[PDB]
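Chemist: have a look at this fold, sequence not included:
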Ligand SMILES: OC[C@H]1O[C@@H](O[C@H]2[C@H](O)[C@@H](O)[C@H](O)O[C@@H]2CO)[C@H](O)[C@@H](O)[C@@H]1O
Ligand SMILES: OC[C@H]1O[C@@H](O)[C@H](O)[C@@H](O)[C@@H]1O
């Protein structure tokens, strides 16, 4: 008896616009906050930018043919607000819309279901200058964008994700200074976090009004499995605080209409700009919850991170090139926690994958057995979740192909397809050849 997934299970790959598209000045696109941030010395580890990336804006048809080789029946991508409303608001850039029309039409004629992310971190610079995420006026700016693009594409796109990873947008963007726009302030991070939630919740009815009864939408949360380094009460408390910060800060508002109270107290409750009616907007019912999962994080009491008073421990085990612990049990644990605590009617894993050092062999192949082992372990965790009655409906590997990995630049490769950046050649890795059999078998051998 092989381990077969449900018959209509969605097997996909995931990307985002700035990480793959390139053509950053093409067809009316304006600079995003990432075009700006890549100029800052020290922001990108290898000094690179996303100006060219995978040149997917031009090569999308070739990428779709790769997806047909991989056997996926779903593709998760993002739309670039700077291509749709290059002035942030106001005049629709027809040529920008036209790209995503051509992309979606090409996917649907290959039988690949489109899963469109509205915001994956590439706000137009001209809009950020008016409404950073810490300014409540960002919410209506994002809803106007949502309205424009959902009006055009909703005849063909059924599955919509509002914002990709609120924790990253707010904390790395405004609290740690690691992502665009590169600010580092507790209050700015907490305002941004709140406004991300409100933007989600006000976009939900717009998506639903522009669609039909088949339309499904939800948010994407990054979640990792958190573990205490010891059982000293101070390490237990530090793990709990980290789990509240990373995993519960957005989930508790979305389902229960509250922040994690003891962390809210620790920060200073008045720093969160909550207005009456906000939790009623944030809790607007969704069709699914999407999860991006990578690792187990082990926390002790310490002062490495001064904001939370925690340090990290690396348990003995296997690690990726990103020094992220490989812990597939954690995926099962996360899905099971969400199911039991929040009961979302459907779950998707919208990103899971690994970066390992890849090399093209003399024969032109890319042999990545560690990445293959990573994926096999996490697909097994997913299968166990389904057998336990968790309504997991789909799984998207991060990523289709090697791409710009934000503050790591091009030096970290997450694809199941290798990209030679000198030539734009795509080579399916060994992991991608294995995945090609998983999607077709609808399960593990
Ligand atoms: O987990 C702590 C670690 O997070 C890093 O950000 C990751 C994040 O872990 C993951 O869940 C999300 O999906 O992607 C982001 C961006 O790579 C972060 O870069 C580290 O500073 C931080 O210590
Ligand atoms: O950090 C690895 C990947 O994590 C995902 O969840 C993000 O949404 C991607 O943009 C990123 O490349």
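Modeler: Happy to help now that I have it. Numbering: from 1, shown residues only. Ligands and ions are numbered 1, 2, ... in the order given.
Chemist: how much space separates the nearest residue to residue 95 once chain neighbours are set aside from residue 100?
Modeler: Spatial nearest neighbour of residue 95, excluding adjacent residues (C-beta to C-beta, 6 or more residues apart in numbering): residue 27 at 4.0 Å. (C-beta placed from N, C-alpha, C; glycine too.) Here residue 27 is placed at a distance of 11 Å from residue 100 (C-beta to C-beta, to the nearest Å).
Chemist: in the sheet, who's paired with the residue of the stretch 201-350 of the chain found nearest ligand 1?
Modeler: Residue nearest to ligand 1 within the stretch 201-350 of the chain: residue 222 (3.6 Å; C-beta to the nearest ligand atom). When bridges are called by DSSP bridges, residue 222 pairs up with residue 292.
Chemist: burial count for it?
Modeler: 19 (other C-beta atoms under 10 Å).
Chemist: from what I see, it and residue 292 are in contact.
Modeler: Yes - the pair residue 222 / residue 292 is scored as a contact, 4.4 Å apart, by C-beta atoms under 8 Å.
Chemist: now the strands for the stretch 151-300 of the chain?
Modeler: Applying DSSP state E, counting those that start in this stretch to the stretch 151-300 of the chain gives strands spanning 159-164, 216-222, 225-228, 289-292, 296-305.
Chemist: save the ones you listed as CSV, and put in distance to ligand 2 too.
Modeler: Output for the strands of the stretch 151-300 of the chain, formatted as CSV (distance: least, C-beta to the nearest ligand atom, whole Å):
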stretch, distance to ligand 2
strand 159-164, 5
strand 216-222, 6
strand 225-228, 15
strand 289-292, 4
strand 296-305, 14
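Chemist: now do the contacts for the most centrally placed residue in the chain.
Modeler: Central residue of the chain (C-alpha atoms, centre = their mean): residue 164, 4.6 Å from the mean position. Neighbour list for residue 164: 16, 78, 117, 119-121, 220, 292 [criterion: C-beta atoms under 8 Å, 6 or more residues apart in numbering].
Chemist: what do you get for residue 251?
Modeler: Taking C-beta under 8 Å, 6+ apart, one finds 221, 223, 338, 341-342 in contact with residue 251.
Chemist: rerun at 10 Å
Modeler: Residue 251 makes contact with 166, 219, 221, 223, 260, 289, 337-338, 341-342, 344, according to C-beta atoms under 10 Å, 6 or more residues apart in numbering.
Chemist: any residues of the stretch 251-400 of the chain in contact with ligand 2? List them.
Modeler: Residues of the stretch 251-400 of the chain found near ligand 2, taking C-beta under 6 Å from any ligand atom as the criterion, are 292, 351, 398.
Chemist: so which of the residues you listed wins on neighbours?
Modeler: Neighbour max across those (other C-beta under 10 Å) = residue 351, 25 neighbours.
Chemist: which helix is the longest one in this protein?
Modeler: As assigned by DSSP state H, the longest helix anywhere in the chain is helix 186-210.
Chemist: and that one, what does it pack onto?
Modeler: strand 113-119, helix 138-153, strand 159-164, helix 166-167, strand 216-222, helix 249-256, helix 261-267, helix 278-282 (3 or more C-beta pairs under 10 Å, 6 or more residues apart in numbering; DSSP states H and E).
Chemist: residue 326: neighbouring residues, count only.
Modeler: 18.
Chemist: isn't it up against residue 314?
Modeler: No - using C-beta atoms under 10 Å, residue 326 is not in contact with residue 314; the gap is 11.5 Å.
Chemist: shared neighbours, these two?
Modeler: With C-beta under 10 Å, 6+ apart, residue 326 and residue 314 have common neighbours residue 296.
Chemist: just checking, residue 393 touches residue 291?
Modeler: No - applying C-beta under 10 Å as the test, residue 393 and residue 291 come out as separate, 11.6 Å apart.
Chemist: who touches both of those two?
Modeler: Shared contacts of residue 393 and residue 291, counting by C-beta under 10 Å, 6+ apart, come down to 347-349.
Chemist: those into JSON lines, with extra columns for secondary structure?
Modeler: Listed next are those as JSON lines, based on DSSP: H, G, I helix; E, B strand; the rest coil:
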{"residue": "347", "secondary structure": "strand"}
{"residue": "348", "secondary structure": "strand"}
{"residue": "349", "secondary structure": "strand"}
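Chemist: from the residues you listed, list just the buried residues.
Modeler: 347-349 (16 or more other C-beta atoms under 10 Å).
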